[PDB]
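Next up: just one chain, as structure tokens, the form deposited in one PDB entry.
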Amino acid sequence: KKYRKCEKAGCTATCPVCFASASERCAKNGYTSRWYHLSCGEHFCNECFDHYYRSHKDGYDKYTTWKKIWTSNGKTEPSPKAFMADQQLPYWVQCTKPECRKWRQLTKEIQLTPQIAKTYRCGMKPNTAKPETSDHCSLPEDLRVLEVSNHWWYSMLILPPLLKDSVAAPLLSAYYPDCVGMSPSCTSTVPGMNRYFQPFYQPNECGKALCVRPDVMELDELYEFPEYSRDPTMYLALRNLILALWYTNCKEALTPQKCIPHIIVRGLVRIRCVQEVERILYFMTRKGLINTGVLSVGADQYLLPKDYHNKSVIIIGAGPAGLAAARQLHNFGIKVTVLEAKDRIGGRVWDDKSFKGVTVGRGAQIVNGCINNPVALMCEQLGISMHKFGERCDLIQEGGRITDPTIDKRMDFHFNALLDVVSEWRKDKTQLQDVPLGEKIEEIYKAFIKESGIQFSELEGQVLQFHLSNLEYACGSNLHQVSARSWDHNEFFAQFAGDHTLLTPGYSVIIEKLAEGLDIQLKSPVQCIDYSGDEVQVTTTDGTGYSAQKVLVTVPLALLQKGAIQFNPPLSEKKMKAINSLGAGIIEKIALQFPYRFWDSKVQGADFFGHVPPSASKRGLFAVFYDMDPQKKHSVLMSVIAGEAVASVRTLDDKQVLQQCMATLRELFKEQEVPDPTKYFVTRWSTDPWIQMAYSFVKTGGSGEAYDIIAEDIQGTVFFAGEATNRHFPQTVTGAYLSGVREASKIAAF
């Protein structure tokens, strides 16, 4: 007949009141025949089914329009409840006066906007003006506000919230808005964003590194937010909003105050959204998914809430991983000091700046696959432009002849065919049955020649050696030390999509910015790490002590292998096994300046040219030459020494290497004259005491798991980062960077 209590058992509202006033005969406080429940604080009367029935007035027309729009654009059931929550419920804003921040209800006729939300204060009516007395900020908040903070409140919310006008929507066209936390009432009848930022997978998309499914929660997120196990849509909307905001301005720290005006949804529920967005924000900051890169955070205010646990970290080694970890922890507000052995930062990033017109890396200078790459993000932050490698790369023979591209492509096809047979071969072989990749390739080759009856020319044979020498460059070893089973172990995980680029200005630009304003001690080689006390005791070569609650080790694989730091307690037999299972690959580089760009008429502006080895024994000797000025004005070539070639250049001094390179170029350019170079460097990484390598690879008998094992923290106090520590992205500045962010994440939690 008529009731004064809600329809739902155990509902906490003693006196339901109708939030709509659609009906001529709306039961304001009194008895409807049925009180429909939206949430604990939100109810409407059976008369305000002015909307539902065909016979009833300025309801049915509005409702039916919404209903058609709802049905086609989204996949949620249309109902009067859904209508009320999408179309009718009042909005709630917080006061923007910083000292106040109180939640207030708006009168039904108001549509919330980011303009309103940025500027609202306790008092003001349908017009923006600050009131006069600032006394409205003293009034207590409507009692329903406090309830929304309890977890039982979300239990009693009959429909999940759907966000309006999410900055994330342009990026999410392929999805049903409601599947992704946004309102099917899409009125939006993205440019400017960096082409390299593609945060979201398009539906049913295969592995592309660092993409998030916008419609599914990852297990990491579930552990932290167990309440979204059944219905993740509220969580997903907020994370997606966060990602979209961060990538639309990655130059500034993303804060809750920045996020809130972009959260538009009617009802008391907006209060749970604004509370959750802050919790999600801190989670994603700690994980390094947001508020990261070369982001400098100012004096007083840091990226995570003040904790008072007095936690401190010593970080060993100031390369990319050390610096990534150091920067993150610092930004968090954790005390960090960095001990570095060398008289400079950067480790395997080292950029020569003395060549007029260019920066040439002694170490890293390329970015393989920019899409979602943090290196791309940091470039955007620093406003620097990378150069994308063109496809053209002619293979010049000794004598001057240019190898027809059809040979090139064919021998590459054959080389790959060989590698495919290896991946079939390995299918069932255990670790203990592994075989050098070099051995296996030859075997398969020798068989392939024997079965087919194919005869290759001398030149084809030589080009096949060129392609083999690239694999060796990639590994940093002659293939005879590389595992057939797990050489490309990491290619099972999603890899970095998009452009391969020359980081023209240098990785040093990113490195120096990461370091800026941190406590870095140079000329401080660590000799001993003692973690048996309440504090970690870190002792330097010349005897200086440093102490901290936690320590992070980022020293190169070559140096864990040699055990140059003494750990007490020792590292576990398991860990040593892992460490010794990986190889410390090596390449060297040479740079040459010339008085003019002698190669221009022959090379015609391509980023690089290749050098066909005259035999198997000369395989990695200046295999490739690089034009270090994509603007084609300055005169600097760069070349690499890989594989067996490294070993042969070991008895030669810098001048003798230079003479060998010159002789090599003059063969490649026989038909013409090549000038003497005027400035050069030859790189000696393998003998650089505190580095002794270029990048890790997996040796015969080894497993991609060794990276995971090296990364495992010890008693939650000794942590490991570094290139040889990142199973997904093994060799790169990128993987190094990400490993340092990974360990900071671990540390910041406890």
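The first residue of the shown sequence is 1; numbering continues from there. Only the largest set of C-alpha atoms that superpose within 1.5 Å between the two forms is called the rigid core.
Absent from the display: the form deposited with a partner chain bound. The rest refers to it.
The stretch that touches its partner chain in the deposited bound form, counting heavy atoms within 4.5 Å, is 277-285, out of 637-645, 277-285, 312-320, 664-672. By the criterion of a heavy atom within 4.5 Å, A20 is excluded from the residues contacting its partner chain in the deposited bound form.
Within this chain, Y302 is remote from the site of its partner chain in the deposited bound form, having no heavy atom within 4.5 Å. Residue contact check for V741: one or more of its heavy atoms lie within 4.5 Å of its partner chain in the deposited bound form.
In the deposited bound form, no heavy atom of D351 sits within 4.5 Å of its partner chain. Site annotation in the deposited bound form: the residue of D600, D220, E442, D307 reaching within 4.5 Å of its partner chain with a heavy atom is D220. With the partner omitted from this view, the residue of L382, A494, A606, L459 that lies near its partner chain in the deposited bound form is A494 [heavy atom within 4.5 Å]. Just a single entry of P305, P570, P98, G517 exceeds or equals a 2 Å CA shift between the shown form and the other one, which is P98 (rigid core superposed). With the core held fixed, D343 shows a CA shift below 2 Å between the shown form and the other one.
With the core superposed, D50 shows a C-alpha displacement of at least 2 Å between the shown form and the other one. The rigid-core alignment places the CA of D135 2 Å or more apart between the shown form and the other one. A change of 3 Å or more separates the two forms for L281 and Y308: their C-alpha atoms lie closer together in the deposited bound form.
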